[PDB]
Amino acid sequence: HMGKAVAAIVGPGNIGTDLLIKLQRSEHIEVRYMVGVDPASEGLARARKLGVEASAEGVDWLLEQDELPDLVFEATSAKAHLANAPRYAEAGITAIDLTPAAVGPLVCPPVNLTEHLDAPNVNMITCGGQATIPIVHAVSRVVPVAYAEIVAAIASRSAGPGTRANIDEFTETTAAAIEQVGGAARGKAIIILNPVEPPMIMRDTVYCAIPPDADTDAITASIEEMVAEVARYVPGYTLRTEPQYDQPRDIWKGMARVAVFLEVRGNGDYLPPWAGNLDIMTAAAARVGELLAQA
């Protein structure tokens, strides 16, 4: 498929508007509709400035349009997507869900999207999951990983009320996805909010337990390949140093490990570069969109 899929974005907030910018750059997605509920929306205004048909009349209005989109990206809330998801399915519009609703399979583009290319609805996991699951998979595709742990450190100003009200859910959903998508036997996820000014560039550290006799050259090569893959949709996704390998310690219950240190700089589309969490989400969603359009 060489064509452009017609898309709608539902939820014209921080994520929706950043996604709009990204999709206007995409080779294979044409944004036709930006859909919200508040007439005074900043995202609706930005869409109209950028030639996109915009409405504060919600999903009701979208589903009334003569030419329905091929794809809808939703960046509203869990409850909103739970309400809208069956409407998209009944109208035959493929949905990419950037909320916690998770009606469809959890996907991470360079990891498990291929097995879900025909799904009517896919879910984008969590922002920290998009940053770290690729690394967990890069290790687990080479050696068994009994335990994988991620530490996400984000600028406080990049944590919106949803993030703040639902911190436990980040740790729980991300750990579960480290196991079901990343391929680790057991997962843990930690999130830290740091208010330093100017706002910090997002950091993510990934620790994987690995056999003591693991081929660390092979693990590094795989990590490097994955980092390059992710970098093709998030150019500011970088390794801060070579993967660090350490033999077993009692403080680690006899596990040996690899530690991978990432810095995730946003592209500065709608959001500032310090909003790497939102930026990787929208970059990953756009990539999932492009792969669904191309399949």
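The first residue of the sequence shown is number 1, and the count goes up from there.
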**OP:** Compare the mean C-alpha B-factor of 187-195 with that of 204-212 as given in the PDB entry, and name the stretch with the higher value.
**Re:** 204-212
Subject >> Greater mean Cα temperature factor according to the PDB record, 124-132 or 86-94 >> reply: 86-94
Original post:
Out of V35, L262, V258, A40, which residue has the highest Cα temperature factor in the PDB record?
Top reply: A40
**OP:** Rank-wise, by C-alpha B-factor, drop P272 into the lowest, middle or highest third of its chain.
**Re:** highest
**OP:** Grab the CA temperature factor for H81 from the record and place it in the lowest, middle or highest third of its chain.
**Re:** lowest
Original post:
Should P161 be placed in the lowest, middle or highest third of its chain by the C-alpha B factor in the entry?
Top reply: middle
Original post:
Would the CA B-factor of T174 place it in the lowest, middle or highest third of its chain?
Top reply: lowest
**OP:** Place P144 in the lowest, middle or highest third of its chain's C-alpha B-factors, as listed in the PDB entry.
**Re:** highest
